[PDB]
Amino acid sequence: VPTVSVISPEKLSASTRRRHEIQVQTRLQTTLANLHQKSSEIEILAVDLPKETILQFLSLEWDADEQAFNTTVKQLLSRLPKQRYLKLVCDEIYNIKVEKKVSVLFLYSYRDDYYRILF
């Protein structure tokens, strides 16, 4: 059970605050449990894409099932100009994050000298 805190736009009652705390702890139980099925390896994926696109790739969901991954790929690809290259980038992310389960993937644009970490 990790440290948790709630920060809300308006004042919260003690009971609303504890319900959110329990709600989120519960919804994350499975994910947290799975956290240890990951290998401690670090990989880098170097791509020719602008910073803004690297950011879009962070919406990919690689910590659920295959359907969730595929859905987020479909959504990502539908919101960007059609390009086979984007799909190939997603495939490699799938291989690295899902198949090989690597905990720390640096997604780095060699064009823009910009990275984000897919954990």
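Sequential numbering from 1, following the sequence displayed.
Query raised in the report: Which is higher in the entry, the mean Cα B factor of 19 to 27 or that of 94 to 102?
Result: According to the entry, 94 to 102 carries the higher average C-alpha B-factor.
Requested in this report: Output the stretch having the higher mean C-alpha B factor in the entry; the candidates are 68 to 76 and 28 to 36.
Outcome: The stretch with the larger average C-alpha B-factor is 28 to 36.
Query raised in the report: Quick one: which of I54, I42, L60, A46 has the biggest Cα B-factor according to the entry?
Result: Of the options given, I42 has the highest CA B-factor in the PDB entry.
Requested in this report: Consider only the C-alpha atoms of the modelled residues in this chain, order them by B-factor as the entry records it, and name the third containing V1: lowest, middle or highest.
Outcome: Highest third of the chain for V1's C-alpha B-factor.
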